[PDB]
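>>> Test case, fold it:
(16 chains)
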Amino acid sequence: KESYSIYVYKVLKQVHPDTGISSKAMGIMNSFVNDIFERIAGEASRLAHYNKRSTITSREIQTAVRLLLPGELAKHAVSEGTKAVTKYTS
Amino acid sequence: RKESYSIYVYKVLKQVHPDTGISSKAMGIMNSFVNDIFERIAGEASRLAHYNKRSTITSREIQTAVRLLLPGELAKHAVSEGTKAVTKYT
Amino acid sequence: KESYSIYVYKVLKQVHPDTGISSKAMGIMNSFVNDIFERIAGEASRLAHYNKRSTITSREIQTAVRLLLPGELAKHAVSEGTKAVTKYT
Amino acid sequence: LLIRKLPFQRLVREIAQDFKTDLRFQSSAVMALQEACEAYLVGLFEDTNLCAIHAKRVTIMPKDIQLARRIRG
Amino acid sequence: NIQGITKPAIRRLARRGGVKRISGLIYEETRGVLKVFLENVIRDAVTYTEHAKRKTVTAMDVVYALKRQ
Amino acid sequence: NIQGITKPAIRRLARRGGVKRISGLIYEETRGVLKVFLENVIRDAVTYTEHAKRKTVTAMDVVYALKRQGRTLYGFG
Amino acid sequence: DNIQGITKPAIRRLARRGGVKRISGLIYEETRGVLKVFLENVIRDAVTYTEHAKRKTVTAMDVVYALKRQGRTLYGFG
Amino acid sequence: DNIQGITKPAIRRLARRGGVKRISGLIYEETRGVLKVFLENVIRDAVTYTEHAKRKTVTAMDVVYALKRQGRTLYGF
Amino acid sequence: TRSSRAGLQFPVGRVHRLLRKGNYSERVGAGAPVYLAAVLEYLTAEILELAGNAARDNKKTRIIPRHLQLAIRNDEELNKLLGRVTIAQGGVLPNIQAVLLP
Amino acid sequence: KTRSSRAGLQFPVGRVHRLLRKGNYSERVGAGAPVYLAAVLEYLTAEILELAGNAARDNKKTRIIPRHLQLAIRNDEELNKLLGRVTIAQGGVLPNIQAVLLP
Amino acid sequence: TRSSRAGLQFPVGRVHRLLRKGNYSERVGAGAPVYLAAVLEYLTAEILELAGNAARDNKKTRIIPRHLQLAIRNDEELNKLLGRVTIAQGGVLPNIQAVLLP
Amino acid sequence: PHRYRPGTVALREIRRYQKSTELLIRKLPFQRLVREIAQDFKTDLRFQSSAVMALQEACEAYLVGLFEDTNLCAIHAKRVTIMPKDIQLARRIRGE
Amino acid sequence: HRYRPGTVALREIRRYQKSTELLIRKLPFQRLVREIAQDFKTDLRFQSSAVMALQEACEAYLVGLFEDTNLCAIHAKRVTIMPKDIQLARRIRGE
Amino acid sequence: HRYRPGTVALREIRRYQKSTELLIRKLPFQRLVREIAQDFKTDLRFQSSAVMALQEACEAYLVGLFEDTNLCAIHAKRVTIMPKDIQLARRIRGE
DNA sequence: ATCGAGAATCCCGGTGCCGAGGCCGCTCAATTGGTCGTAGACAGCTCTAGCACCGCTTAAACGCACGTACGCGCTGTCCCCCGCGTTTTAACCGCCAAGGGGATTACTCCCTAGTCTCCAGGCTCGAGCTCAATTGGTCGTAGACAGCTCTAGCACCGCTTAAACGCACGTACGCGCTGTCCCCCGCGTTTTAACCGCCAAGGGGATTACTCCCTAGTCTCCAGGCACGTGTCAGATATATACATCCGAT
DNA sequence: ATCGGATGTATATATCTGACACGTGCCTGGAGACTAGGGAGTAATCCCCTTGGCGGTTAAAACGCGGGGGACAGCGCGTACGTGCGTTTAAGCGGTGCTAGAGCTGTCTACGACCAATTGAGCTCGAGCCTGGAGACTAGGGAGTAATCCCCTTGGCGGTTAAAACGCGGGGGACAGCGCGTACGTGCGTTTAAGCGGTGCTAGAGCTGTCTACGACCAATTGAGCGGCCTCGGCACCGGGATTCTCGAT
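Numbers count the residues shown, from 1 in each chain, chains lettered A, B, ... in the order given. Shown next is the structure:
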């Protein structure tokens, strides 16, 4: 059974090196990741459909992020994602 | 010069319905019908004569062919008409 | 009492040298050959009558074959017939 | 439609201007926006009225609207 | 420009909602509420427009915006 | 004599036709259908027999009847 | 693409004469395919007769004969 | 009559978490009705999902999907 | 003429010629074309009788294809004889399935 | 030297020709017509016998019986069309069960 | 791994597989799962950051659901995102309306 | 305004079109179909008018009969709407 | 041991489509043929092969009719053939 | 000793907003859940975590609903919640 | 309301250990790179349209004094009715015990393929004939040669009649569920057809005397077919009349 | 299900005209005696075996007789698909006005095929060989059927933290009751704008080319996840303080 637990735990060590997390909390984090995954991917699919495009690219993901996230959360997520895609392309 | 059954069908019509006429299309359908039944009866009679190693089609082959081709009560009347006609002719 | 038995057997020996055929199967082959003969001859007869022609030629047979046989069977039958008439001629 | 056309159009153009420059609008986009705003206000006023009657009043007040909007989320 | 949604217009909307009497302070509140709603909807609509690489907000974008809230 | 076309025979015929379940009413119905078929074929067959001035209906007559009813039979030529 | 000339209302009329009261949307395209096959089969036979007579005009008799030999004998065009 | 297991003191505790200090005697029965309606609606959808999956055991995911599709997404299961 | 000797309206001589030239057999008996003319006449008379009746039911004095189709399809034995026959401009018999009615 | 041999055929050109003359089909029959007809009949016999032999070999029999003829004819679309209204004596039917009847 | 090339912690390959098998679209660009993984990672990091903050305020080194509820509800934008979301065992924030106090 | 219930006008149309005999497919588009199909067999063919009219009679009679059989198949399945599977059953049992 | 309803039915379908032997008993069919013939012509005799021909033709006709009946039954989402199926098959065949 | 009306209610408020434990008894709720499910389809079983999930959902729904009822009560310058408060809260939610 | 005393309720601090968490490790399987193409997916360009920008107009919308009766917030009393302590009562939790499936495993039985033995069933060797090849003269039937005159095809133009495109929206298909029925599987029964034998002649199947039925060619005399002037039921224009059919209302 | 009114339909009816029978002139191929020619079906006659009728036997199957399950006729509800309506547009159609390929017929002529001997040759039936698929058996695999399994179900009662409930009692909430003030019309001036025009123009929806990127296999794989074990942070309990309400007073 796959989950995001280990990646969440590594992130926890990045943000709080000496802090742990309970099993229930890790389950809540995994639920969270799946919800946001579904919301963004589904909305991006809808954008692509709306524009008669058959491919979901980083642009639909970016626009979905702008629709779903509030204010500074959307801008910060877009900045991180953009840096990541440009670094990947290099 | 194109021969047809039009005048004979019309004479029969006047026998059966003295004050009734008939359209050209209907006369064409009657002619097609007569040719069709002609073909059916003659073909069955030819086959009958062949089947029996006979070289002559007589009123007997025609009568049996008629019995094969015409249904039931229609067949009895047709056989009756043919027999009366052949006996009067002889 | 005529039949096609010996000719069917010759064809069988051409296509399957070590294969035989039962009496019932040979009878069915004779029925088949007679049937197709009647079909082709009858259609050719109707073609000739329809066109007020008194002669059945290889052309009447060929048109009858095109009417009666489907697709590849018709094409191959016409090919075999044409080859045979040219070889005979 | 119950709001006058031209002031709503002007409001739409003014509000739209602080997000992206040089925009134009299809007519049917503005009628769509008008249908949406008016439907929302009618529904919101329905909720305010239920909140007012709950408080044994017949006069709508800002506090009714804020309660309706808070419960709506 | 928010002041173009006049007092009698808000009154007509309140009548359609079945409201018989309206406090003087309602009007500014309604204007604020309207501004917030409009801002949100148009933000989504224009976001969709930019995705389509268009400069014209279309009716389908607005309807789509309405659907997603 | 129609009852001589027994129930298990009709079931077997249906089995060859791929039928898995058979209502109880098929058998009588099938028998009626069967009777009609036989009558028709024999009506032609006996006519052929009568045409030949014979008293024995032959297999060929039946084959000819079947051919002329659009039900050509192979194997009895 | 002349098969599209067999219009939706035409298929409805044919079905009405056939006693059909309600018609699924997919019938029409299906019917068109069936019709095309029929015509092909008929016209094929017709053209053979036309070719056999060394003529360039398909006649009414060619069609009547094609129909007869396909078991769909038609009266009235002899 | 299992709805009576949602006791008066339990409803009191639930109201307390909502910050309620005083509760009219008629709230509890009203609350009971409301709760029952909610449950039916959730469980109905859950069971529908179970039936689509041709299962006889309602799973946590079935329930999560029911809540999501009624706009009450639940985290942790 | 042979038709008058046999009491028929259809042409016995013509039917005889068509038998001779239809390549049916090398020889044709003398009674065969009389019989054929009689059978053709009887069937023609039956169709025309019934079709005329149908025409009068429709208050028409001229038989048109509709009356022939009605006549043929409304008679079980004629319908059987012409089971695989298309009557041009015939239409179909009026018939609505009971399940389709309100 | 027979005409069938000249035509490269096994089926009897002479017999087919005589059968055409005596079948009351036309007053005259051209010389090429029975050759063509015999060739067509031989082709069809060979095609059916080819398939029936194949079916016989699948069944490990050295003699073709009616069952193999039924399999050969019904599993070939064009032969089945040609013999759509033909009964092969002692042929049986093709094994075939509609999917809805299987468990 | 693609995550290392993209500088991310969430598994781009895994996100890509879930996008492929979630029947979201016929085709998927190479950047979409990278972006998606990055966004999910960012939001996870923010919630874990705030929940950790709450945990230290309560002198607890282990995050439990209560800290998630406090973190989410005390942040307006996270509260908006999870406005219709139930955090199991989260409870509620202490809050008494002023008119109710003595 | 007045509105007839679903089926009343269908039945009325059935009575109307079973009463009459005029061809129901448009002449010229059908003619184009015939010429296209024939041209895909032999180029530059011509047609007599009565040949096309014959084709029209044959096609309409075949389809009307086929639709009768489809309707009987529908009634067998306790339906009133004809479906492609009805056409396929009718043609399978006819032997086409 | 007991096989479930249908398993043995399928076994018989496979069995009888694999084989070719005639499925109606010889003597009752012969009795039927003579009975029917007597109502058409007196004093008739029959060759053995004539009766065998009749058996092959009747059984082939019935198997084919049962095939069509089965297709009609399946069309109505049933697996059991009923008289209405036979009458529909025969009506569409034109009998 | 006697506390005045309201003091213990507030103390209870502080207690239950501080904690996270489930507030309905496990087993009676379980019987309720099985009864309701059984009235849709007979003989169903339930995984334990399904009942725990249903209980979390019901209690979260009720606590939120009681929050809205309290807002409606305070709006009407009352401190006691009554059925009309529930009716208003659910009407405005759109339930 | 703000001292002051006092108790309850909770908070804090300190500790016990254990189990939920952290962490390694073997693997194994979900993950990643090497190579092919098929494009879908985007870049460039273009006609269009509808969308922005601007002047009267008159008129409806709005905006502004006025005053006023209609609430609404603010206190007062009552009573009302629901929460807290104390107590009793107890199902619920603890916490356990036993029965209990969904399942493929692990067995079991019958179906369906491999393996010798023995023929009826074709497989080869010789015997006298009906079918097949030749050319010849001898007809005819069919195939080029040449019209030629039509009708089948090519383009113009109303126009309307039908076909195409939405537009409610309501019956139709369908689909899961369900009670009873009714028919398939299994087995004893009790036939009764399959296998086998007997005798025979009635009719199939040839064999021939034959005579009479129908073809074949010719001719006299013809009805049936090709043109062809013309009132007519038929086709098309208005009508009223029920004739149905759709929406209240028994 | 009907009793009626409101419309939209064919029906029963009256009128005008028009290609269509249709009756007519007449013109020619076809026809039917005719007398034989001869050649075929008819009618004894006669023989050989095929199909019966029947005696006769047996063991395969039919035929009841139950059991049970699984199938079919319903049914109530979902959703949704095609329909009848109306409006707007597209092309079929009747009317030209042509026009040249090819159906139709007429010459004619020259191939081509057929009885007629006629010359002969494969074909077909005995007759006697074998030997290959029935058959008669065997063995392993097709499946069905219980049926233990560890893990989750169902039932179950002792002690005990939780649920009633009751009396009290003391604070809400509800209605009365009012006084002020403030929105709601109510009427008059304005002023802003829908709408009608008109202008130019940007972008957008579409069309075409094409190529960069992603799908999409395989083989190679190392990182995640169960499995297990090591561990110390904090859930829970004992002992003592902060705070925290709570009554009296004035």
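>>> nearest residue to residue I:78 other than its sequence neighbours?
In space, and not counting its chain neighbours, residue I:78 is closest to residue I:72: 4.9 Å by C-beta to C-beta, 6 or more residues apart in numbering or on different chains. (C-beta placed from N, C-alpha, C; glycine too.)
>>> Can you say which helix or strand has that neighbour in it?
Element membership for residue I:72 (DSSP states H and E) is helix I:65-73.
>>> C-terminal to the longest helix along chain A, what's the next element?
Using DSSP state H to define each element, chain A has its longest helix at helix A:23-50. Later in the chain than helix A:23-50, the nearest helix or strand by DSSP H and E is strand A:55-56.
>>> Report the strands that pair with that following strand, each with its relative direction.
Here strand A:55-56 has these sheet partners by DSSP bridges: strand K:27-28 (parallel).
>>> from the chain's centre, how far out does the helix or strand following the partner strand sit?
Where DSSP H and E defines the elements, the next helix or strand beyond strand K:27-28 is helix K:32-57. Distance, stretch centre to chain centre, for helix K:32-57: 5 Å (C-alpha atoms, centre = their mean, to the nearest Å).
>>> what residues are up against residue 19?
Went with chain A since none was named. Neighbouring residues of residue A:19 by C-beta atoms under 8 Å, 6 or more residues apart in numbering or on different chains: A:12, K:52, K:55, K:56, K:61, K:62, K:63.
>>> right idea, wrong chain: chain I
The contact partners of residue I:19, by C-beta under 8 Å, 6+ apart, come to B:42, B:57, I:28, I:32, I:33, I:36.
>>> if we go to 7 Å?
Residues counted as contacts of residue I:19 (C-beta atoms under 7 Å, 6 or more residues apart in numbering or on different chains) are B:42, I:28, I:32, I:33.
>>> Equivalent analysis for residue I:28, please.
Residue I:28 sits next to B:57, I:16, I:19, I:20 when contact means C-beta under 7 Å, 6+ apart.
>>> Report how many residues lie close to residue 56.
If you meant another chain, say so; for now it's chain A. If you count neighbours by other C-beta atoms under 10 Å in any protein chain shown, residue A:56 ends up with 27.
>>> meant chain I, my bad for not saying
By other C-beta under 10 Å, 15 other residues sit near residue I:56.
>>> Equivalent analysis for residue I:8, please.
Residue I:8 has 28 neighbouring residues, counting by other C-beta under 10 Å.
>>> hmm, who's touching stretch L:27-45?
G:2-3, G:5, G:39-40, G:43-44, G:47, G:56, G:58, L:47, L:52, L:55-56.
>>> actually stretch D:21-31, sorry about that
Residues contacting stretch D:21-31 (C-beta under 7 Å, 6+ apart): D:9, D:12, D:16, E:55, E:56, E:57, E:58, E:59, E:62.
>>> ok, which stretches of chain D are helices?
So, for chain D - with DSSP H - the helices run D:5-17, D:27-54, D:62-72.
>>> so can I have a markdown table of those helices showing distance to residue L:86 and mean neighbour count?
Below are the helices of chain D laid out as a markdown table (distance: least, C-beta to C-beta, whole Å; neighbours: other C-beta atoms under 10 Å in any protein chain shown):
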| stretch | distance to residue L:86 | mean neighbour count |
| --- | --- | --- |
| helix D:5-17 | 55 | 16 |
| helix D:27-54 | 44 | 19 |
| helix D:62-72 | 53 | 18 |
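>>> Nearest to DNA strand P, out of those helices?
Set against DNA strand P and scored by C-beta to the nearest atom of the strand, the helices of chain D come closest in helix D:5-17, at 3.2 Å.
>>> Adding distance to DNA strand P, write the contacts of residue A:19 out as TSV.
Below are these laid out as TSV (distance: C-beta to the nearest atom of the strand, whole Å):
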residue	distance to DNA strand P
A:12	14
K:52	12
K:55	8
K:56	10
K:61	4
K:62	4
K:63	9
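>>> Show me which positions of stretch L:31-40 end up buried.
Residues of stretch L:31-40 classed as buried: L:31, L:33, L:34, L:35, L:37, L:38 (neighbour count, 16 or more other C-beta atoms under 10 Å in any protein chain shown).
>>> Out of these, which sit inside strands?
The strands, defined by DSSP state E, take in nothing from those.
>>> Out of these, flag the one nearest to residue D:64.
residue L:33 (70.5 Å; C-beta to C-beta).
>>> residues in contact with the closest residue to chain C within chain A?
Proximity to chain C, evaluated over chain A using C-beta to the nearest C-beta, is greatest for residue A:54 at 39.9 Å. Listed by C-beta under 7 Å, 6+ apart, the contact set of residue A:54 reads K:25, K:26, K:27.
>>> quick one: which of these is nearest to residue B:72?
Ranked by distance to residue B:72 (C-beta to C-beta), the contacts of residue A:54 are led by residue K:26 at 66.4 Å.
>>> ok so, going back, what about the contacts of residue A:54, which one has the most neighbours?
In terms of neighbours by other C-beta under 10 Å, the contacts of residue A:54 top out with residue K:25 at 21 neighbours.
>>> list the contacts for the spatially most central residue of chain L?
Computing the C-alpha centroid of chain L and ranking residues by C-alpha atoms, centre = their mean puts residue L:63 first, at 3.6 Å. Residue L:63 makes contacts with G:14, G:35, as judged by C-beta under 7 Å, 6+ apart.
>>> which secondary structure element contains it?
Residue L:63 belongs to helix L:49-76 when assigned by DSSP H and E.
>>> That helix: what's the following helix or strand?
strand L:81-82.
>>> So is that following strand next to chain M?
No: on the criterion C-beta under 7 Å from any C-beta of the partner chain, strand L:81-82 is out of touch with chain M, staying 12.4 Å away.
>>> Return the list of helices and strands in contact with that strand.
strand G:22-23, helix L:49-76 (3 or more C-beta pairs under 7 Å, 6 or more residues apart in numbering or on different chains; DSSP states H and E).
>>> Around the residue in chain L that chain B sits nearest to, how many other residues sit close by?
Proximity to chain B, evaluated over chain L using C-beta to the nearest C-beta, is greatest for residue L:21 at 10.2 Å. Counted with other C-beta under 10 Å, residues neighbouring residue L:21 total 18.
>>> Now do the same contact list for it.
The contact partners of residue L:21, taken as C-beta under 7 Å, 6+ apart, are I:65, I:66, I:89, I:90, I:91.
>>> With adjacent residues omitted, what lies nearest to the residue sitting furthest away from the middle of chain D?
For chain D, the C-alpha farthest from the mean C-alpha position belongs to residue D:56; by C-alpha atoms, centre = their mean, that distance is 25.5 Å. Nearest residue to residue D:56, sequence neighbours excluded (C-beta to C-beta, 6+ apart): residue N:76, at 7.0 Å.
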